[PDB]
Amino acid sequence: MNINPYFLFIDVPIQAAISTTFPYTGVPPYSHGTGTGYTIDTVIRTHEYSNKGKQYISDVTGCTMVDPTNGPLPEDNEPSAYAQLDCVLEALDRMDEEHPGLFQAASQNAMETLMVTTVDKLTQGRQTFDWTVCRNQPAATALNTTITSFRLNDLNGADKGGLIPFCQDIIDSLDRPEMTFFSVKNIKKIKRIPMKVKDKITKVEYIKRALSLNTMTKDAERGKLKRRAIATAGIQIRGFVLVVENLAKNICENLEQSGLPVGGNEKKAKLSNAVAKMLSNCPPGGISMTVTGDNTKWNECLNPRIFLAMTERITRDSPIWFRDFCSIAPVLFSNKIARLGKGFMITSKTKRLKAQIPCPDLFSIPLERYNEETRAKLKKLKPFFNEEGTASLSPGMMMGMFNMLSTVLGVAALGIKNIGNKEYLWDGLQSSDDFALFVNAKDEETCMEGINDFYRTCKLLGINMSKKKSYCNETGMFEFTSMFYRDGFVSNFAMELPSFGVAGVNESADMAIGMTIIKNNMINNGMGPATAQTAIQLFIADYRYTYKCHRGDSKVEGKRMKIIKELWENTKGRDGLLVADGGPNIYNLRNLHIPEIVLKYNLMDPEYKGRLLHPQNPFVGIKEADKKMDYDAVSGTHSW
Amino acid sequence: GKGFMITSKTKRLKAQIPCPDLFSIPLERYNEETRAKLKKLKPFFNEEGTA
Amino acid sequence: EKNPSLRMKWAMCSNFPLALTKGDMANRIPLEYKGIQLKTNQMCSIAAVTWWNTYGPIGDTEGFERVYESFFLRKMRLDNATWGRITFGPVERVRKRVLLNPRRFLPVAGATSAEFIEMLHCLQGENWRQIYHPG
Amino acid sequence: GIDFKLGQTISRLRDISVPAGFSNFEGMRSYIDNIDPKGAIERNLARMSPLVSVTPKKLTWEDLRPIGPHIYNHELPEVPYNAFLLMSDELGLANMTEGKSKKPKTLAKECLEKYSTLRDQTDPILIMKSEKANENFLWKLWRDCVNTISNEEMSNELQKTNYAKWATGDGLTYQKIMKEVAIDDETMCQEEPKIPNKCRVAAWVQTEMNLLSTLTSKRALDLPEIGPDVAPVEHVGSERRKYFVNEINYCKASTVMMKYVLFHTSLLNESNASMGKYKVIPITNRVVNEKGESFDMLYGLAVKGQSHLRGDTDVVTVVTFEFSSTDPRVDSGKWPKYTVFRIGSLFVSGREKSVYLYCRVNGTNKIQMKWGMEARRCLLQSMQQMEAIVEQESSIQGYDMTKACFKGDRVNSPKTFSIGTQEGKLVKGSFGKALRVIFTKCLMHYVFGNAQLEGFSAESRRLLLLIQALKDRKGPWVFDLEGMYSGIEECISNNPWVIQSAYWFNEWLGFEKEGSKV
Amino acid sequence: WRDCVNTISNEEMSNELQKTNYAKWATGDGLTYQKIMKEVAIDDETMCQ
């Protein structure tokens, strides 16, 4: 008798048991060593899909640029970045016709928001590339450092309030013959101390710094055998990017196909609505087929030049000042520069020695001293390599930069709905690089033609769909946004329930934030009662261990435990004790929305409540816990 | 004296072996000449490290 | 660090991870209590907090409820409420924009007042249903 | 108004960043604003070559073939055991305790004190050394742990700290030199990547699956209490919980999971507390049997050596010495990484049984320790399933089916699911057996998780959904199938779970084919 | 040799190498074995004579 776990699928649908098929209880595969190699494949891969375009030398930076747009049409089934401008405009024109006034409404709404926007908004985000230090620093730190350096070069506008003057000077800063800024200098005093120093760089150096994108390896990524590269941009492009993403978001919000702006429990509704609508529209006696789609090299075949065209088309009726503002981010992305990792490692086994060759000195060593894969990588990288350790990456995109705009382009291809007036009608859903397509036709053979026509049509817009990762079957069972639908039942089982542990802020808060997540999971992710009950148990065990607050009847020894045990005997009413004070846990499903302080107020003894709730106690981000999520908590001695 | 010295070149490691430990090592690790020398000196070798 | 919990796990075991204010109320905590170093001469130990709730002056609490009426209103709405039977049959939930507390798009099958939404987690279910009446 | 003027540099970038066929931005701007396309897509599609197409093919049971046929090749070596700790061959010295919580160092000393024959064993009987492990280094290191654990001092720091520098291999580390010397040095070249060996199925992976889903006499899963249940939903939730915990509490996988969580927790506490020193970290657990008696179980000791590295991915050498009662000679191909000594014997129930000590030099990062603490969510993963399964039954018939599903009732026989095969005949099992199998499957995903398991599980999902479509006669189509198979197969290199999972998938696929024929 | 010539031709009377690090590997000073204690050598099997 040999146990075969896969046999559970004989008596259960795979969708129902799909949760067990996902290894989300294990370590997310992290990146070990240099991510420099991975960044190089991205550059080689990105240019390999656009080498048939036009190659020229950029006069602003001297880099070797490649432009696959309007290039030769693809001849094979490999990924192709040769998007035809006329085809893209045709899709957008069809898109606008189906939603009259949408482009104008989004442009006007985006502008109104831009006028009111202030510089403090740029402080919201993730790690950004700081040109002053050539490193990665928080958005607030980078914004301040950029602001201070602009003051040195007399570039003002940041203090003027609105984002327009601040973004105006950024463009102005690109013309200054030399740029002065504060740099961190590590002088050896033995000790090493970093100080400020007034550093100056030339105009071309600043141009490259402004266009550069720091590259790391995508860590914690789940569901892939091989790592990749995740890039972050500097402050020079942030502000312009926020507006364009706002512009794309406004358009996408009004699209039925779009599923990227939609978030939460509405995804299940979107899946059900689309399949229901397509089945109803199915011709009598026809066949409705659904394609579980997936795009590979989705970011490496999208062109900033096309996004520049889309921004022009979306803002057709708008002031030139706004049209110029919305067209800057694509301009700074067509001339982007990819900073390559942190070099390579070369070792001698006989001498037991190792050394790190930095990126500027990649080709200073003979290529025969690199392994085969790196040797080939560097041979192909030479044309686009810069002497400062960076590689020119004009074609392609970087994941996560233009997500809303990419969805708009994908939805546009879905709106064609037919080719050659053939006897099929296709539609679907789109969210960033993930899509699902439904085709209705009189028979399967005509349905396949519709899918093949869609495949060819996508190739014309720069959208490549993976044949290896894509499959088709009759409508009613498909997958989208990593969600499984089957016969009217949606089985979202890919989100990993966040570690039900203390949020690490304080005792009363963590209990409030913790109990909020379980409640949200019940409401949103359809988390069941029992599993919700157990999620409470696991968190409490974690909560007591971290905070050293076990039940007063427990035999745990500790510094605070002795005081907790003393309080347990002293207090007459044990049920009123807080969990953090060694009190019993009284949380349940019905009461996942009341702070424990308020819960135990009635049961709390007069002495304990007065001590804990002393108006002037010596121990005393309350709204949102660092993504911003609100939690309900009560001020008290535990709020240190 | 002060004893022989044994080294491994695959790890760039070396160590002098004090005389009292002359026979704490398998003789198959000393050089053949010192191997014979110790195989002949064993009868008169004192436990403390004297002959 | 990039993980608040782990940073907090390491912080909790530290001798004096809590930052204490300066005042008379901060001087009534003993320096050491049966060996445990509550404070130092300011930095504070979590044991000092545990002592506060155990031994200390009983502060008055008269305006606490008035400051926190909303939460206490939630508590009494739960306490005075009544519970009915449970239906295990399939349920049909209509997506609507509802108010969580006395707004988000949620699937609700029945009363849509904020009283029911606040407890919605314990009422609706894929293959079960419960009858609830807020107090 | 607003005058957002453009500078000289930005304008020049804009001019050169236009699609092919435009000299400057103004030409591009005018073309988009004026020229209208009315069938450019149709013109291009006709002008596009016909060689590019989805080339779709109908999927049939004959199209589907076994995944990774190389796992049956008998020339390849048997995939070895590479988990951090012994799972089914584990032996833990039980010391009955009243229940008080004590420091791990004191727990180890008392457990070893009870077994004085093993603690005092100074002469090691080597059974097999893997390929390069130094028997003298490993044993001398082990005796360091026992002496340090059994000393009167309250610190777990190893007392040698200089023999351990080389016993653990810490001292055999390459020395970094400035870049200029390396550039000049011609003999310094980049190393080739370490390709993982291709192995074949091993009978020990199936055995662990068989053994770790079984019920034992010891339960190690204890959970905190919750508030009183006043609503029917709370009562049914508690009832479903009670049935679930009762069936998973005593499974061997539950005890194994807790040991992994506790060990990785102690490892992480020491990692921050200790940076450049060597520590002994007992591999302990807390268990309670049916009678309610609580035991302290010691599974070995581990030398967490140095660290001297702050971050996510930075190896911290860990040398594990784990007790076991299984002879490594029985399955030689399973322990090519372990240096195991025979350290003594004991009478578990009046019958003599050997006690070996498996030694191995391992490495870990901060993330692995962090995610080791997070191996209890396998409890959440395993349960979320039966909730759905029980819920689906409750939809069919009103009254709760938890009692019916697990034990049956007047109008419903207890639920059964196919669990395994014997002699080529499918076997059925209760809902408890399926629950334990599901829990164990989740645990092995954590234990054997790596880049290979993520790829196989994610890539194999496409095949699983294709088979589901075939079962429902939905007439699935695949644009290409060899490419899908190649992506799945490229991840089957040396991971025990992936190789075994491929064998299980092939077995299940054949059964589905036979069922389809009828 | 270039460092030698530069040091000799430098304005300062000092006659010591200004690099002090490249010469360390040029002369092979760093290419030396590291001495361990007798116990490990006894235990290890690859430490021959």
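> I'd love a proper account of the nonpolar core, names of residues and values included.
In this structure, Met87(D), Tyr260(D) and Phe431(D) are the most contacted members of the largest nonpolar core, which totals 193 residues. Element by element, the count of residues in this core is highest for helix α15 (residues 431-447) of chain D, at 11 residues. Residues in contact with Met87(D), not counting those within four places in the same chain, are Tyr81(D), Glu208(D), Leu212(D), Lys252(D), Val256(D), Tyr260(D), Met444(D), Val447(D) and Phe448(D). Membership of the second largest hydrophobic core comes to 147 residues, among which are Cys167(A), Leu362(A), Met28(D) and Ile32(D).

> Please set out the interface of chain A and chain D residue by residue, giving values where relevant.
Counting residues at the interface gives 166 residues for chain A, matched by 163 residues for chain D. Buried surface at the junction of chain A and chain D, both sides included, amounts to about 15,300 Å², of which 61% is carbon and sulfur. The tally of links from chain A across to chain D stands at 17 salt bridges. The closest approach of N and O atoms between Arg222(A) and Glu454(D), which form a salt bridge, is 3.2 Å. In terms of residue count, helix α18 (residues 529-547) of chain A provides more of the side of chain A that touches chain D than any other element does, 13 residues in total.

> Break down the packing of aromatic side chains for me, with residues and values.
Inspection of every chain in the model, using the stated rule, returns 56 aromatic pairs over all chains. With a centroid separation of 5.4 Å and 35 degrees between ring planes, the pair formed by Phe478(A) and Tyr485(A) is classed as tilted. Residue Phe478(A) is classed as buried on the basis of its relative accessible area, which comes to 2%. The class of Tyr485(A) is buried, set by a relative accessible area of 8%. Aromatic rings pair up to connect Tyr81(D), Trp204(D), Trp335(D), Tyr338(D), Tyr358(D) and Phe448(D) into one cluster. We note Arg574(A) situated over the ring of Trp568(A); from NZ or CZ to the ring centre the distance is 4.1 Å.

> So what's going on with the UniProt feature "binding site: Mg(2+) 1" (unreviewed entry) in chain A? Residues and values would help.
Residues annotated in UniProt with the feature "binding site: Mg(2+) 1" (unreviewed entry) correspond here to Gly293(A), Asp294(A), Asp434(A) and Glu479(A). In summary, the annotated positions, though distributed over 187 residues, converge in three dimensions, the widest C-alpha pair being only 9.9 Å. For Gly293(A), the position within the fold is in the loop between β10 (287-292) and α10 (298-301). With near-sequence residues (within four places) excluded, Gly293(A) lies in contact with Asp434(A), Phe435(A) and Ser470(A). Mapping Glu479(A) onto the fold places it in strand β18 (residues 477-480). Non-local contacts of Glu479(A), meaning those with residues more than four positions away in its chain, are made with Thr292(A), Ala436(A), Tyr471(A), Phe484(A), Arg461(D) and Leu465(D).

> Explain the packing of helix α11 (residues 252-273) of chain D against helix α12 (residues 366-373) of chain D to me, and be specific about the residues and the numbers.
Relative orientation and spacing of two packed helices are given, respectively, by the angle between their axes and the distance between those axes. Residue and element names in this part refer to chain D. At a minimum axis distance of 7 Å, the contact between α11 and α12 shows a crossing angle of 140 degrees. Our classification of the angle between α11 and α12 gives oblique. The interaxial crossing formed by α11 with α12 has left-handed handedness. When α11 is examined against α12, the residues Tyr 260, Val 261, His 264, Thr 265, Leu 267, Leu 268 and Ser 271 are found in contact with a partner set consisting of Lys 366, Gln 368, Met 369, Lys 370, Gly 372 and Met 373. Its residues placed into classes, the contact of α11 with α12 shows 6 nonpolar, 5 polar and 2 charged.

> So what about the pairing of strand β3 (residues 64-67) of chain A? Which residues, and what values?
Regular strands show a simple pattern: their side chains alternate between the two faces of the sheet. Residue and element names in this part refer to chain A. The side-chain alternation of β3 yields two buried faces, one formed by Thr 64 and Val 66 and the other by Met 65 and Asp 67. Looking at chain direction, strand β2 (residues 54-57) and β3 are connected through 4 bridges and run antiparallel. The residue of β3 that forms the bridge with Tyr 56 is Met 65. Adjacent in sequence and paired antiparallel, β2 and β3 are bridged by 6 residues, among which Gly 62 carries a positive phi angle near 80 degrees.

Parameters at a glance
- Residues numbered from 1 in each chain as written, not as in the entry; some residues may be left out.
- Chains lettered and ligands numbered in written order.
- Part of a larger assembly, values for the part shown.
- Heavy atoms only, no water.
- Core = buried A, V, L, I, M, F, W, Y, C linked by side-chain atoms within 4.5 Å.
- Buried < 20%, exposed > 50% of the residue type's maximum accessible area, 1.4 Å probe, protein only.
- Helix = DSSP H or I, 4+ residues; strand = E, 2+ residues; numbered from the N terminus.
- Contact = heavy atoms within 4.5 Å.
- Buried area = accessible area lost by both parts, 1.4 Å probe.
- Salt bridge = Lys/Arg side-chain N within 4 Å of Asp/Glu carboxyl O.
- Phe/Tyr/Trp six-rings, centres within 6.5 Å; stacked < 30°, edge-to-face > 60°.
- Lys NZ or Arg CZ within 6 Å of the ring centre and 35° of its normal.
- UniProt positions renumbered as here; feature names shortened; annotations may be inferred.
- Axes fitted to C-alpha atoms, helices over the stretch in contact; angles between N-to-C directions.
- Parallel < 35°, antiparallel > 145°, perpendicular 65-115°, else oblique.
- Left-handed = near helix turned anticlockwise from the far one by under 90°.
- Nonpolar A, V, L, I, M, F, W, Y, C, P; charged D, E, K, R; others polar.
- Pairing = 2+ DSSP bridges.

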